[PDB]
């Protein structure tokens, strides 16, 4: 399991949690020095449990699929909650079985559906460590519209930070003041599968992407990523989604 406490949190402690999260995801090889997530994992070993604690010390446990860093569902006191999608229903066979009650949320976990449920796109939702405190608090007691927004915050501040060093650093900058994600943040989130794929295809193609990946950079300008020498590959991306799952 991995844990993170908001009470007393600072950029250092958040970076320790993101490191723990990355290190809890299994891999058998690296591709251009980046851990390659596994094609498949059977049974309960598929799911990592993240223990998160709000400022007041209340807690949820979040179940994460270790093949793709997707959040499946979470436990809050004695109630479990799962996305309305087949991978999460499968997860519910293995995690949080001792909950008194299981609620299926009235949406899946992709960004498009969550944003519809929340009533806003994530360009307009501030993120940060205070926002993660708020999200944990919201998830403690069911409210499906509130939960969608909380879940957009939670996914960005855990999974997306684990995937991209730039996103981890953006959350660090928001340790004590929330701010809506930079355009580059959104770009990276949206490009993870595409990048993971192109980096794996570049092995066999001299480091060259078969199809270039269009991104927005740190300065808000629209760059084009064509090969493994790019900083996105050498510095930023920390985990690869296996092409077997693309």
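By rigid core we mean the largest C-alpha set that fits within 1.5 Å across both forms. Residue numbers count along the first chain shown, from 1.
Taken in 9 other deposited structures of this protein and fitted on the core, 57 to 65 and 214 to 222 differ in how far their Cα atoms move from the shown form, and the one that moves more is 214 to 222. Looking at mean Cα B-factors across 212 to 220 and 195 to 203, the upper value is held by 212 to 220. If you average the C-alpha B-factors over 106 to 114 and over 93 to 101, the higher value belongs to 93 to 101. Within the listed group 246, 2, 6, 240, the record reports its top CA B-factor for 246. The entry assigns its greatest Cα B factor, within the set 61, 190, 68, 40, to 40.
Placement of the Cα temperature factor of residue 77 within the chain: highest third of the modelled residues, per the deposited record. In the deposited entry, the Cα temperature factor of residue 50 sits in the bottom third of values across the chain's modelled residues. Ranked within its chain, residue 85 lands in the middle third, by CA B factor from the PDB record. In the PDB entry, residue 225 places in the highest third of its chain by CA B-factor. Ranked by Cα temperature factor within the chain, residue 56 sits in the highest third according to the deposited record.
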